[PDB]
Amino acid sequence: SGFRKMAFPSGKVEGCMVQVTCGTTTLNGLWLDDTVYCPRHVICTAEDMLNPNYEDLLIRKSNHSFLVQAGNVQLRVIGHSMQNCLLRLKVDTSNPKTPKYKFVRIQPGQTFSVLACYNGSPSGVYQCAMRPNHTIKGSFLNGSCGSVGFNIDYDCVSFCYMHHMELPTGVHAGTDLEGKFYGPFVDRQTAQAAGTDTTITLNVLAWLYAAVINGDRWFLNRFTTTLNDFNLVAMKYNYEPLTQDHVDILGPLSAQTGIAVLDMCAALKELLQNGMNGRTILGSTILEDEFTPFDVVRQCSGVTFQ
């Protein structure tokens, strides 16, 4: 029993963290085989960060403009190219700790683990969700740029995020491992703001199913709802429109608990209008949206506490 924000074991990812210094800027890079990936803004000074032209800035650099350090040992750069918002630094060694891996761009609502890193040195791990507005509510200080987010399935690390910057609200922006930003955000210092966020309906529903799997059903009711009547309510409360795709994704969970999706929707509709009446669900006073249906299957019992 129990239900917590659980991250993936971080070992396979720790073996790939290095430091990258260019001129006077130090940040973190990702060492896979004989390549090191990092944010391109490593090639910027303070002055440069407003209004940079990376083509022009990068062409003013050689292989030995870049310093990369794996633990104590210096790695020599022998090739460089730019790819969207990242740099790809070819090095003299292939990482002996390179795990099997993949580069995936994740979709809003999906979760991943983040290894927060400073000076190429791993300092903590946490779980979060890619928000609808393409930000993450992480925790980063200066020097965390190039810290990565990932999923582990079996033995294979799926890299989905690299950190680049922080926004005025205090939430975070970055890139997939092709160097393409999540969101309409850019690689420079201007007036940029997170767009308005929404609560992640599919995940709230997943988390309700977990509450039941773990033996709680106080919030259930006798009603049912149509998808469209649920949406009219979802909009009032700043929840995402629920779709048939989302209803199909909830099938296995509906089957394990014997509660129909649309019945759980009426459960939730009622939670939204009436409040939680001073009660908790899986130890929380609010509706939780940072667990996917997958996260619930992984973490919970396959056997319901009936």
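Rigid core: the largest C-alpha set superposing within 1.5 Å between the two forms. So that there is no doubt, residue numbering starts at 1 and follows the sequence shown.
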- Item | Divergent stretch in 9 other deposited structures of this protein, 174-182 or 190-198 [C-alpha RMS, superposed by the core] | 190-198
- Message: Between 42-50 and 264-272, which one shows the bigger average Cα displacement from this form in 9 other deposited structures of this protein once the rigid core is aligned?
- Response: 42-50
- Item | Residue stretch of maximal mean CA temperature factor, 120-128 vs 72-80 | 72-80
- Note on the structure: Mean B factor on CA atoms, stretches 22-30 and 41-49, record says higher is 41-49
- Message: Sorting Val171, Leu202, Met162, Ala191 by Cα temperature factor from the record, which one lands on top?
- Response: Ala191
- Query: Which of these, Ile136, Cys156, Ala210, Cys85, has its C-alpha atom at the highest B-factor, as the entry lists it?
  - Reply: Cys156
- Item | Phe305 - which third its CA temperature factor falls in, relative to the rest of the chain | highest
- Query: So where's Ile281 on the chain's Cα temperature factor ranking, which third?
  - Reply: middle
- Query: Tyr54's Cα B-factor: lowest, middle or highest third of the chain?
  - Reply: highest
- Item | Third of the chain's Cα B-factor distribution that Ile249 belongs to, per the entry | middle
- Chain-relative C-alpha B factor for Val91 (record values, thirds): the highest
